[PDB]
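Enquirer: pasting an experimental structure with its sequence.
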Amino acid sequence: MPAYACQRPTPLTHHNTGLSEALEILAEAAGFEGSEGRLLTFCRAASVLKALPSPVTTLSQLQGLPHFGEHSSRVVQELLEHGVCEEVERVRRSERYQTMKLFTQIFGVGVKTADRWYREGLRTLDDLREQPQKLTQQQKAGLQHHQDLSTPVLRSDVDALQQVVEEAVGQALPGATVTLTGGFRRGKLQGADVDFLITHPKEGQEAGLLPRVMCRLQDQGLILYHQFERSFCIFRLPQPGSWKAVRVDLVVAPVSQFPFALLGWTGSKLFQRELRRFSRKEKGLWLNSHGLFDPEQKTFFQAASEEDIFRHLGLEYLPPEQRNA
DNA sequence: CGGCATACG
DNA sequence: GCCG
Ligand SMILES: [Cl-]
Ligand SMILES: [Cl-]
Ligand SMILES: [Cl-]
Ligand SMILES: [Cl-]
Ligand SMILES: [Mg+2]
Ligand code: NA
Ligand code: NA
């Protein structure tokens, strides 16, 4: 089992779901306390289990697996023995965990804001609604739309949004293309949001594109909220006899950078962190969603595909469905 | 022990 | 919290 998640296939569904979900609770809790190091280890340990070819049934099967030390091993041991881990259950029950989760789930609210509100004694969404003067416009939107945004987005919803985005993109810039990215591209059947990557086959034609797109969507009455290369929107999605709010991200990249942007927006988040870490630490190359830089030669690697990028990094190719770290 | 991904709004 |  290799040490980096980008070195191993990680399918969407796997054989250790319970164990990984427990470790990811501890990861999430670590994040709420600002311990990014511990969050990463628990995330990585969870991801290792997702990559295994069968269920862990005994503690000895953890021997030699990367990112499993005393703490993660004890978590698994307790789950194997008793079906629950006391530490995990304690986190789940805690007012701190439950409230930070509730607050950080709000669009416009991060760990730092949530934590300050927690310390001020706030606990519920209605606590936040009672004092709207203390909210940003983004947070006000996140709070107004919070119920709909908590409802899973379905693959049928995605098909409908894509058609709508293509229509606006087509008027904004003929020949421009729309690619579904993020979790739905990795094969998820549901999600919390929808991600699209927009480009044009003629380098440079994509400049100034996103404002034109946003203006056209807004004129069609489809935009409930928006704030450039990236747009974080709330869309009005038609429903039977009504509609619901859905988070949609739109991203534009020049076609020269498209493979990097595609790779970068297809995720998973942990996969991208691990891939960038691998690139820099193992290969001495600097990766981001725009390119891959060799800081010795001071040159950028030209990629024509994601396949190119994996090859340049000396990694076997992983399709999106195997990037579910 | 240092490091932990890397951007944009 | 774990790895190198
Ligand atoms: Cl608590
Ligand atoms: Cl409507
Ligand atoms: Cl170059
Ligand atoms: Cl980036
Ligand atoms: Mg997404
Ligand atoms: Na948030
Ligand atoms: Na998104």
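Expert: Received the coordinates, thanks. Numbering: from 1, shown residues only, chains lettered A, B, ... in the order given. Ligands and ions are numbered 1, 2, ... in the order given.
Enquirer: for residue A:264, the count of nearby residues, please.
Expert: By other Cβ atoms under 10 Å, the residues close to residue A:264 number 22. All C-beta spots, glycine's among them, are computed from the backbone N, C-alpha and C.
Enquirer: give me the next element, helix or strand, following the helix or strand that contains it.
Expert: Taking DSSP states H and E as the definition, residue A:264 sits inside helix A:258-266. Using DSSP H and E, the helix or strand that directly follows helix A:258-266 along the chain is helix A:269-283.
Enquirer: which helices and strands sit right next to the helix holding residue A:264?
Expert: helix A:182-185, strand A:193-199, helix A:269-283, strand A:286-288, helix A:306-312 (3 or more Cβ pairs under 8 Å, 6 or more residues apart in numbering; DSSP states H and E).
Enquirer: identify the residues contacting it?
Expert: Residues outside helix A:258-266 that contact it (Cβ atoms under 8 Å, 6 or more residues apart in numbering) are A:179, A:181-182, A:185-186, A:195, A:197, A:199, A:251, A:253, A:272, A:275, A:287-292, A:303-306, A:308-309, A:320, A:323.
Enquirer: before we move on, the earlier item: for ligand 7, find the nearest of the helices and strands packed on helix A:258-266.
Expert: Nearest of those to ligand 7, taken as Cβ to the ion: strand A:193-199 at 4.0 Å.
Enquirer: hmm, the closest one touching DNA strand B?
Expert: No: using Cβ under 7 Å from any atom of the strand, strand A:193-199 stays clear of DNA strand B, coming no nearer than 12.3 Å.
Enquirer: and ligand 5, is that strand touching that?
Expert: Yes: using Cβ under 5 Å from the ion, we find that strand A:193-199 touches ligand 5 at A:193, A:195.
Enquirer: how far away from the center of its chain is that strand?
Expert: 13 Å (Cα atoms, centre = their mean, to the nearest Å).
Enquirer: would you mind measuring from the residue nearest to residue A:190 when sequence neighbours are not counted to ligand 4?
Expert: Nearest residue to residue A:190, sequence neighbours excluded (Cβ to Cβ, 6 or more residues apart in numbering): residue A:152, at 4.1 Å. Distance of residue A:152 to ligand 4, computed by Cβ to the ion, to the nearest Å: 27 Å.
Enquirer: ok, residue A:228 next?
Expert: Applying Cβ to the ion to residue A:228 and ligand 4 gives a distance of 15 Å.
Enquirer: right, and that residue touches residue A:213 too?
Expert: No: contact criterion Cβ atoms under 8 Å: residue A:228 and residue A:213 do not qualify, at 10.7 Å.
Enquirer: the more surrounded of those two?
Expert: Of the pair residue A:228 and residue A:213, residue A:213 is the one with more neighbours under other Cβ under 10 Å, namely 23 against 11.
Enquirer: so who does the closest residue to ligand 4 within the stretch 51-200 of chain A touch?
Expert: Residue nearest to ligand 4 within the stretch 51-200 of chain A (Cβ to the ion): residue A:197, separated by 12.8 Å. Residue A:197 makes contact with A:178-179, A:181, A:251-253, A:258, A:261-262, A:265 under the criterion Cβ under 8 Å, 6+ apart.
Enquirer: buried subset of the contacts of helix A:258-266?
Expert: A:179, A:181-182, A:185-186, A:195, A:197, A:199, A:251, A:253, A:272, A:275, A:287, A:289, A:291-292, A:303, A:306, A:308-309, A:320, A:323 (16 or more other Cβ atoms under 10 Å).
Enquirer: now do the buried residues in the longest helix anywhere in chain A.
Expert: When chain A is parsed with DSSP state H, its longest helix is helix A:155-172. Of all the residues in helix A:155-172, those buried under the rule 16+ other Cβ under 10 Å are A:157-158, A:160-162, A:164-165, A:168-169, A:172.
Enquirer: what's the angle from it to strand A:193-199?
Expert: Put simply, helix A:155-172 runs at 30 degrees to strand A:193-199, going by axes from the mean of the first three to the mean of the last three Cα atoms, to 10 degrees.
Enquirer: how far is the helix or strand following helix A:155-172 from where the chain is centred?
Expert: Sequence order places strand A:177-180 as the next helix or strand after helix A:155-172, per DSSP H and E. With Cα atoms, centre = their mean as the basis, strand A:177-180 stands 18 Å off its chain's centre.
Enquirer: can you tell me which residues contact whichever residue of the stretch 1-150 of chain A sits closest to ligand 4?
Expert: Proximity to ligand 4, evaluated over the stretch 1-150 of chain A using Cβ to the ion, is greatest for residue A:6 at 15.5 Å. Neighbouring residues of residue A:6 by Cβ under 8 Å, 6+ apart: A:271, A:274-275, A:278, A:315, A:318, A:323, A:325.
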